[PDB]
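Peer 1: Before we start, here is the structure in question, set down as structure tokens.
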Amino acid sequence: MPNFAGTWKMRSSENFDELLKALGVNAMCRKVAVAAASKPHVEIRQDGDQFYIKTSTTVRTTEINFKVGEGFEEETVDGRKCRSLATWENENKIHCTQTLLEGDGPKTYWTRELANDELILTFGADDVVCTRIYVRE
Amino acid sequence: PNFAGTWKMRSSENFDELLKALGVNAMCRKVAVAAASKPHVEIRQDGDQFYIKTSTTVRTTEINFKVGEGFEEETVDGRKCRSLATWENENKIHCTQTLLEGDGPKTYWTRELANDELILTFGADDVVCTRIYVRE
Ligand SMILES: CCCCCCCCCCCCCC(=O)O
Ligand SMILES: CCCCCCCCCCCCC(=O)O
């Protein structure tokens with residue numbers, strides 16, 4: 001029912017450096033990630049529950065393909081392989097639960113919500129929350 | 001010796017081990033080693049006065065120094081340091097470093113001209129990384 005599809009550009013970021021610190025990312029990498037990941041561009045294709053999400057920066061591009069309610073594999077923000085499940089949390093919000101394939105680490109998740117035609121991306125690592133707001137371009 | 005010119009890296013040794021000695025975690029080392037795999041360097045030199053720009057797609061650094069005079073730069077892992085370059089021989093500059101802030105391994109770099117190749121060495125405690133540059 002909500003239409004996530006389109007091209008998006010990041011307008012604002014809260015607590016990204018703190019999220020990377022909670023994931024144990026070294027400052028050498030955080031310094032580049034915070035500079036470069038200051039202006040990601042996102043493309044979404046959506047057909048009902050079926051999604052394609054591509055996030056690109058000069059430093060790193062990721063693409064995921066998933067159906068809401070079906071398991072898939074992706075990476076955490078710090079690049080660790082995880083098994084994921086996206087659920088509708090409400091009519092305008094996808095909540096994605098994540099479990100590491102290998103090893104131990106903080107509990108991670110992401111959410112994507114459409115609110116007043118803005119795309120709110122939240123990432124969790126234990127009790128740390130990062131909020132990135134995307135707008136249409 | 002004429003360090004001036006444009007240079008491209010042909011080989012690297014022990015960069016992963018150097019970043020480990022600097023306390024960089026494995027996931028970060030894998031990305032950093034890849035990101036640093038082929039820097040392009042521009043040097044301008046006028047006697048003892050040096051300008052060194054090192055560029056990669058993800059990160060560019062520039063330093064200006066005179067041999068024998070203190071300056072401030074960053075370690076490889078991006079920690080602010082106070083530095084001093086000296087001639088170790090006719091074709092070799094040795095740069096001693098001290099952290100401005102916090103504690104960490106003893107670091108230094110050397111740049112040497114040998115058979116018109118540019119040999120960059122980084123030290124962190126007893127670990128040595130060697131990077132060899134050739135003229136572009
Ligand atoms: C998220 C990406 C983090 C990337 C951090 C690596 C930064 C580039 C290192 C450049 C080292 C060049 C050393 C040299 O002068 O040969
Ligand atoms: C080991 C290095 C980990 C650092 C991660 C870099 C991430 C850069 C781009 C992330 C984009 C986040 C977003 O979707 O807004």
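As shown in the structure tokens, the chain order sets the letters A, B, ...; within each chain, residues go from 1, and ligands are also counted from 1 in the order they appear.
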Could you make a table, as CSV, of the residues of chain A that have an atom within 8 Å of an atom of chain B, each with its nearest atom pair and distance in Å to one decimal, counting only C-alpha atoms, in chain and number order?

Peer 2:
```
residue,atom,partner,partner_atom,distance
A:25,CA,B:28,CA,6.7
A:26,CA,B:24,CA,5.8
A:27,CA,B:77,CA,7.7
A:28,CA,B:77,CA,5.0
A:29,CA,B:28,CA,6.0
A:32,CA,B:58,CA,6.9
A:36,CA,B:58,CA,7.7
A:58,CA,B:58,CA,7.1
A:59,CA,B:58,CA,5.9
A:78,CA,B:27,CA,7.6
A:79,CA,B:27,CA,7.6
```

Peer 1: May I have the residues within 10 Å of ligand 2, computed using only C-alpha atoms and all ligand atoms, as a ChimeraX atom specification?

Peer 2: /A:9-10,12-13,16-17,20,23-42,53-62,76-80,110,120-123,130-134 /B:25-32

Peer 1: When you look at residue 60 in chain B with a cut-off of 10 Å (counting only C-alpha atoms), what residues show up, excluding the ones that are within fewer than 6 positions of it in the same chain? I need them as a PyMOL selection string.

Peer 2: chain B and resi 39-41+53-54

Peer 1: Distance CA of residue 4 in chain A-CA of residue 74 in chain A, one decimal place?

Peer 2: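 We find that CA of residue 4 in chain A and CA of residue 74 in chain A lie 19.5 Å from each other.
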